[PDB]
4 protein chains.
Amino acid sequence: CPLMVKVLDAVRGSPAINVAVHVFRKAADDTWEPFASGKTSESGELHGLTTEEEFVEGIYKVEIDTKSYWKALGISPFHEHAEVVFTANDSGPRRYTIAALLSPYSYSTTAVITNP
Amino acid sequence: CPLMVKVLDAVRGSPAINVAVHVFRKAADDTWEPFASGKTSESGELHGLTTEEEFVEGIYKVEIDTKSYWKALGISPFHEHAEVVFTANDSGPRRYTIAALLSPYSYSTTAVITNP
Amino acid sequence: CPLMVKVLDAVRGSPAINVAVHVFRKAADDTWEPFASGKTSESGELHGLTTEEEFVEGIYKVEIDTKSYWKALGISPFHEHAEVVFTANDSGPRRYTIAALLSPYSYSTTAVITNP
Amino acid sequence: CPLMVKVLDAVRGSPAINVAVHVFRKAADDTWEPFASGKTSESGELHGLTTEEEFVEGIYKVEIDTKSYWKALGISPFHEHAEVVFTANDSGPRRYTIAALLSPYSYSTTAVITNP
Ligand SMILES: O=C(c1cc(O)cc(F)c1)c1cc(O)c(O)c([N+](=O)[O-])c1
Ligand SMILES: O=C(c1cc(O)cc(F)c1)c1cc(O)c(O)c([N+](=O)[O-])c1
């Protein structure tokens, strides 16, 4: 599992469950070719997005549908979504966890990169 | 100013100076039109991007060039940029501060909104 | 002002108004002496806590009463308070902004330091 | 495992390894009785701090030795430590994860509470 996305809820103090996540890879014409997508689990985690051989170097975009998450909870959100754009495996492939901590008017995102 | 952008550096504990910022607005045909741009000052703040007349209802995108900021300090950061996308003035005119707190592998963003 | 405290609300996207703040300084016998206190203004800012003469080298503690803030909005938050402890003026006098961004189950804090 | 502490590094984009963590429970005289302690693993996590029967309702303090972590990496830090103070199991015991995302001049902390 070379790429995982984890989403947390700072209002409830819980994983953010059933959050839609879309991943894209930058094409040669600099438009976003869809790559993988899913919804976060009961633990706020989305596994199995890609494979070691498919996850080559390049620029990737992770789009987290924060607006729908807050709307489903009946809370007014600020952002249309939370986008995270990064370059992958530029010094070799590792395991990437892209985490996001969500509030209605603010979010925090980090990368936690480890080696197996 | 109806729209201000403020950028801080969590590694040095200081304003993030000379950070390029580009603002776009979503057009009726769903494309991103360039709206305003500038660089943060010595205080980390970017003022004067727009006017109350020009800053109509719409969906706006603030793109903060975090990568060039870190590269100039010798750091290869994780993110290509930090993008903040939001609906503005849905309930009438407001003043928006878009703040970002930067680390090489993480950032936080928040909105501070006041009613003039 | 050599020491300013700023508190923001990540749920409403606004300054956190009327937040009580207590400052302490570590004495030679390792106890915490009350140094200054106040409440955040309409802008979320607390100015006027100390003077350049009084704000000598030392270890300072800023205690932000986040619990009363959330309780007054009907929310039972996770944290009892947010405490920020730091050495000040180790390399000569500086101006410190201590910022906190509040959610019911999470907070972020940062220091913005400038040289007068 | 009713209580876990997880510490991340926003500069390196990695778990924060070998970070000292001390937990205390508030006594009746309002001083901090030590409760449990440990060091974070290769994954940034500290497990096994207490048991279901020992982790009763009360106010707990988690002290994360952020200063030593940054010093060992040769990086100037702002804070003396990161303290998280909270009330536990006030509506029944769950599983508490206390997470902290560290930068030299800033940190973010959240609670992720789940039920088994
Ligand atoms: O967004 C923040 C912010 C972000 C965080 O992750 C943590 C935190 F304590 C504050 C911010 C906004 C502002 O308008 C502002 O002036 C400042 N400041 O002065 O330092 C900060
Ligand atoms: O990135 C974070 C994170 C972000 C913040 O703004 C503040 C903070 F304390 C942690 C994170 C990453 C993980 O992999 C993870 O498991 C968790 N967790 O379970 O709690 C959190």
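Residues numbered from 1 in each chain as written, not as in the entry; some residues may be left out. Chains lettered and ligands numbered in written order. Heavy atoms only, no water.

Structure determination for this PDB entry is given in the record as X-ray crystallography, at a resolution of 1.70 Å.

So, the relation of the copies chain B and chain A
Its rotation angle being 180 degrees, the transformation that places chain B on chain A also includes 0.2 Å of axial translation and leaves an RMSD of 0.5 Å. Taken together, the rotation angle and the small translation identify this as a two-fold axis. Looking at the rotation axis and the C-alpha trace of chain B, the residue lying nearest is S108(B), at 2.1 Å. Comparing interface residues between copies, 95% of those in chain B also lie at the interface in chain A; the contact surface is shared. (Least-squares fit on C-alpha atoms. Contact = heavy atoms within 4.5 Å.)

Section: the site of ligand 1
Around ligand 1, the surrounding shell holds 15 residues, and the nearest of these are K6(B), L8(B), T110(B), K6(C) and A99(C). This site is not confined to one chain, since residues near ligand 1 come from chains B and C. Separating an oxygen atom of ligand 1 from a side-chain N or O atom of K6(B) is a distance of 2.7 Å. Starting from 460 Å² of accessible surface for ligand 1 in isolation, the protein chains cover 96%. Listed by contribution, the elements that provide at least two residues to the shell around ligand 1 are strand 1 (3-9), strand 8 (95-103) and strand 9 (106-114) of chain B together with strand 1 (3-9), strand 8 (95-103) and strand 9 (106-114) of chain C. Each residue belonging to the shell around ligand 1 can be placed in one class, and the counts come to eight nonpolar, five polar and two charged. (Near = heavy atom within 4 Å. Polar contact = N/O pair within 3.5 Å; in protein donor to acceptor, adjacent residues only side chain to side chain. Areas by Shrake-Rupley, 256 points an atom, 1.4 Å probe, with all protein chains shown as cover. Helix = DSSP H or I, 4+ residues; strand = E, 2+ residues; numbered from the N terminus. Nonpolar A, V, L, I, M, F, W, Y, C, P; charged D, E, K, R; others polar.)

As for the sheet that holds strand 7 (residues 82-88) of chain B
Residues and elements named next belong to chain B. Taken in spatial order, the four strands of this open sheet run 4-3-6-7, and their pairing is antiparallel. Looking at which strands have only one partner, the edges of the open sheet turn out to be strand 4 (32-39) and strand 7. Looking at each pair of strands side by side, their axes are set apart by 20 degrees on average, direction ignored. Two elements, strand 3 (residues 20-26) and strand 4, share seven bridges in a ladder whose sense is antiparallel. (Pairing = 2+ DSSP bridges. Axes fitted to C-alpha atoms, helices over the stretch in contact; angles between N-to-C directions.)

A short note on the interface of chain B and chain C
Residue-level contacts link 10 residues of chain B with 10 residues of chain C. Both faces combined, the contact of chain B with chain C buries some 790 Å², and carbon together with sulfur accounts for 66% of it. Looking only at chain B, the three residues that lose the most surface to chain C are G13(B), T110(B) and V112(B), adding up to 41% of its buried area. Counting across the interface, chain B meets chain C through zero salt bridges. Our count for the contact surface shared by chain B and chain C stands at two residue pairs in polar contact. Elements with a contribution of two residues or more to the side of chain B that touches chain C: strand 2 (14-15) and strand 9 of chain B. Considered class by class, the residues forming the side of chain B that touches chain C number six nonpolar, four polar and no charged. (Buried area = accessible area lost by both parts, 1.4 Å probe. Salt bridge = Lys/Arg side-chain N within 4 Å of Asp/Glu carboxyl O.)

Remarks on unusual backbone geometry
The phi angle at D30(C) is positive, at roughly 75 degrees, despite the residue not being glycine. One can find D30(C) in the loop between strand 3 (20-26) and strand 4 (32-39). Positioned with a positive phi, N89(D) is a non-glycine residue whose angle comes to about 40 degrees. Relative to the elements of secondary structure, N89(D) occurs in the loop between strand 7 (82-88) and strand 8 (95-103).

Considerations on the interface of chain B and chain A
Where interface size is quoted, it is often the accessible area lost as the parts come together. At the junction of the two partners, chain B supplies 21 residues and chain A supplies 20 residues. Here chain B and chain A share an interface that buries about 1800 Å² over both sides, 54% of which is from carbon and sulfur atoms. At the junction of chain B and chain A, the tally comes to zero salt bridges. Counting across the interface, chain B meets chain A through 16 residue pairs in polar contact. Mapped by element, the contributors of at least two residues to the side of chain B that touches chain A are strand 7, strand 8 and strand 9 of chain B. Broken down by element, the residue count for the side of chain B that touches chain A peaks at seven residues, all from strand 9 of chain B. Residues that form the side of chain B that touches chain A fall into these classes: 11 nonpolar, seven polar and three charged. Examined bridge by bridge, strand 9 (residues 106-114) of chain A and strand 9 of chain B share five bridges and lie antiparallel to one another. Each residue of the ladder has a partner; that of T110(A), found in strand 9 of chain B, is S106(B).

Side note on the packing of aromatic side chains
Tallied over the entire structure, the rule returns 40 aromatic pairs over all chains. Ring centres of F86(C) and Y96(C) lie 5.8 Å apart, and the angle between their planes is 35 degrees; this geometry places the pair in the tilted category. Of this pair, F86(C) sits in strand 7 (residues 82-88) while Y96(C) sits in strand 8; the two residues are 10 residues apart in sequence, bridging distant segments of the chain. As far as the burial class goes, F86(C) and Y96(C) line up, both buried. When the ring of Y60(D) is compared with that of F86(D), the centres are 6.1 Å apart and the planes differ by 25 degrees; the resulting orientation is stacked. Remark: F86(D) occurs in strand 7 and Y60(D) occurs in strand 6 (residues 58-64); sequence separation between them is 26 residues. Classification of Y60(D) by relative accessible area gives buried; the value is 0%. A connected cluster of aromatic rings, assembled from ring pairs, spans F35(A), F55(A), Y60(A), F86(A), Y96(A), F78(B) and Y105(B). (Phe/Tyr/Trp six-rings, centres within 6.5 Å; stacked < 30°, edge-to-face > 60°. Buried < 20%, exposed > 50% of the residue type's maximum accessible area, 1.4 Å probe, protein only.)

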